[PDB]
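Just one chain is shown here, as structure tokens, and it is the form deposited in one PDB entry.
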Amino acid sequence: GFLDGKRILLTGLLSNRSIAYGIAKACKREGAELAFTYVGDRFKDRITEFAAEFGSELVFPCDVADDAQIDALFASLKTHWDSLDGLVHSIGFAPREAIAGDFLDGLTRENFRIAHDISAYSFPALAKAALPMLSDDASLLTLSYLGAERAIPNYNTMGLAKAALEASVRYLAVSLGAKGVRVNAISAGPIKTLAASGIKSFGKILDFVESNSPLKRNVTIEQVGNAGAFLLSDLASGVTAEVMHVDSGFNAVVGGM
């Protein structure tokens, strides 16, 4: 398939409901060879299974909060893979206050810092840290959300991280485009994942979108998985710096009238 022989490092695979999960399936299904990351020694076992399920024996710890691990990650990886062809950044986090209720009520220098550190900075951070072993046709891909461009209830500080993340996509594309590397983001629709547990009335949004999206249905990690494989592949060799909505077209309407 269109990923035959491509070596892709996937982050953010946590459950079988993870967006990163559907992207692994879609990649494996297209010939890709995969490697994975996890956070903390207490997940080391779960990711090892998941990796086995995709014929991979490569699992690496990486707390994107630690310069040390990010650097360790690519040193380790280097001994197994000669070069890297794809990196998937499926990483987000915000203190629980910062994504609950009133925007200003959850705001503090600390929450802001953390949400931006982990959800925004980490993406170009990993990029700089892969630059060395990246290939010439290589493709980076990150996940984002409509909340970066429009005020969504409860999203709050996540909204700002995501705006910064999407700006980094553009600055990455320019920085790495010289070397033939492409950088893109997918803007996904609401999908019930672990991370999604912290968005109160997530159920309200999900229902709303199913009512008003042009396609009148919710998206799935397979749909998102499928678009990602594309962007990671050479079919998308003319596509860099894009932010691609995959949300049954929801961004495009004004719903509920």
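Only residues modelled in both forms are compared. Take the two forms, superpose them, and find the largest set of C-alpha atoms that agree within 1.5 Å; that set is the rigid core. We number the residues from 1 along the sequence you see.
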Averaged over C-alpha atoms, is the B-factor higher for 201-209 or for 46-54 in this PDB entry? 201-209
Comparing 111-119 with 95-103, the higher average Cα temperature factor in the PDB entry belongs to 95-103
I'd like to know which of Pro214, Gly31, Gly228, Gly189 has the highest C-alpha temperature factor in the PDB entry. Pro214
Based on the deposited C-alpha B factors for this chain, I'd like to know if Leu235 is in the lowest, middle or highest third. middle
Within-chain third of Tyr171 by Cα B-factor, per the entry: lowest
Please place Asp136 in the lowest, middle or highest third of its chain according to the CA B-factor in the PDB entry. highest
Select lowest, middle or highest to describe the third in which the CA B-factor of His80 falls within its chain in this entry. middle
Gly147 - Cα temperature factor, lowest/middle/highest third of chain: middle
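Separately, the form deposited in another entry exists; it is not shown, and the next lines address it.
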Which residue in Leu34, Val209, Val59, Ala195 stands out, with a C-alpha shift of 2 Å or more between this form and the one not shown when both forms are set on the rigid core? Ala195
A 3 angstroms or greater change in CA distance between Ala195 and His89 is reported in the other entry. Closer or farther than in this form? farther
Between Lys204 and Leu194, do the C-alpha atoms lie closer or farther in the other entry than in the shown form, with a difference of 3 angstroms or more? closer
Segments displaced between this form and the one not shown (3 or more residues, each Cα shift of 2 Å or more, core-superposed): 192-199
